[PDB]
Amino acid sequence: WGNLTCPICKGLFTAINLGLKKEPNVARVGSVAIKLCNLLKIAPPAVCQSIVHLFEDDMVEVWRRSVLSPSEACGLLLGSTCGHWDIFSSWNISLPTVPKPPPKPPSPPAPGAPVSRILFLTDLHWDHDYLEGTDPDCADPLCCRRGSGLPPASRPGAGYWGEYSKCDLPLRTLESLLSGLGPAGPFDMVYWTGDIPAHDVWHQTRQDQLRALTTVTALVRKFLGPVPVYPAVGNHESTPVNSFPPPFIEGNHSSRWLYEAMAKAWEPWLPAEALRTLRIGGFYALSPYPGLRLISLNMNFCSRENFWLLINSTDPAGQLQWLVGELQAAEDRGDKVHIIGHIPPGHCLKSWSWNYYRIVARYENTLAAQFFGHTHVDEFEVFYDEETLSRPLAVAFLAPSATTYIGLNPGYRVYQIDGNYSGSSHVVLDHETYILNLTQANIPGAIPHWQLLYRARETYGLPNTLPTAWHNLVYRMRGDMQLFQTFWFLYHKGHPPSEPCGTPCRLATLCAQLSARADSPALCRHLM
């Protein structure tokens, strides 16, 4: 009588569910997990215990409601007859039935046309506990801070402004960055795409994260005054890291604490309609100029590390569908769109990344620019047509981090964009990157001087910065090692590794530049 296997299975995981709601059961989960953390020497025992205690409540709940829920587990184990396993199942959003206009590249701007200057800040990762002189090569996942201890007598401690290691930034270096903006300005707007807290991820309270949010927010507001700042939500803003429950999760373990703090912190910059969307799911749209829409995406609903998506990964918060409606509205008015976000779309979950790719291809004429960060390095992602994966039609700019993490100079970015006038293409025309050379800045008594590292069109000889120039650059770099070495230099903000990047390293790096869609190896067919 195997007619009972499904009854008993469901009875098992129903009892599993009830047991895992009990906090002493959750603590049992945490204790074993910590001993394995110590046994597998993942981190120091202090970090192992702290991070499991911080994560255990939310993670046990998600597993209880997804992988261990009776309908899911028994569906995996006994098949569609018993339950239904649909964890990370494929999904698709709906495009409107409006015919796609003919593909049309942006027009060259007329002589003397207005140029809008956009400051781009990402991955600031302020470390409230940064401490000069401490060990940069400590045993914790983040060093140069209180509790990192002392270096050996053979190596120096963490530099005053930062270190070339697994360390984040003292607030004074963030202050130095914004205080040196004058040469690079003036700015019409600032795009600020996430990651305010540091990587002290094993002990972050909601108050620490809010303190990071409110302190840095006030700092940029002090140095940029009247200039609008459009933020986007990074993966480090929440606690625990990457924990962004979609709006179908209510109660105090939801993201309400964080989104509302953002709506109050960013009220000076965001219109009422933006603040409403922001409070719901951490994304919004607004109009910087007549004929220009800006859309700030919360890419944590695309993230491979947002463990809440194990419950349901299908277009969380309805964001992609909301994006389509916003983009079609822009197409209807003839507006152009900027997209800003944190995690670049090539690094998203499979289904999300594929649907985003399809949206970008549909709205190629309407999308004018895309801006992401999160990787901390200086790179890009080229988008191609759906039909042949060979006509370049969009490019995402991945700007490098202000934080040193890991081992880099601090950096930031400025875009020259086809400006504020009727008929403008609103596309990026050129960009520039500024760095703080820590080797020089950390000399005792020196005053930090942020330097221009490079300008895009000048150093690569680009006629413009449209998608085809970046496509072309990748294939020039396939055959020109010196050119690729330049790019590899700039990629690390002027502080590349000493291990040379040979043939496999180059091909893997070039393949990432063409991988705007996750898990699409065909995109790199011409590289390997």
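Numbers follow the displayed sequence, beginning with 1.
In this entry, 90 to 98 has the higher mean Cα B-factor, the comparison being between 90 to 98 and 425 to 433. The mean C-alpha temperature factor is higher for 201 to 209 when 201 to 209 and 187 to 195 are set side by side. Out of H236, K336, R457, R146, it is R146 whose C-alpha atom has the highest B-factor in the PDB entry. Per the deposited coordinates, the residue with the largest Cα temperature factor out of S353, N409, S296, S71 is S71. The deposited CA B-factor of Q319 belongs to the lowest third of values across its chain.
Looking at the C-alpha B-factors along this chain, the one for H347 belongs to the lowest third.
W85: CA B factor lies in the highest third for its chain, per the PDB record. Residue-level temperature factors show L523 in the lowest third of its chain, judged at the C-alpha atom. Ranked within its chain, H374 lands in the lowest third, by CA B factor from the PDB record.
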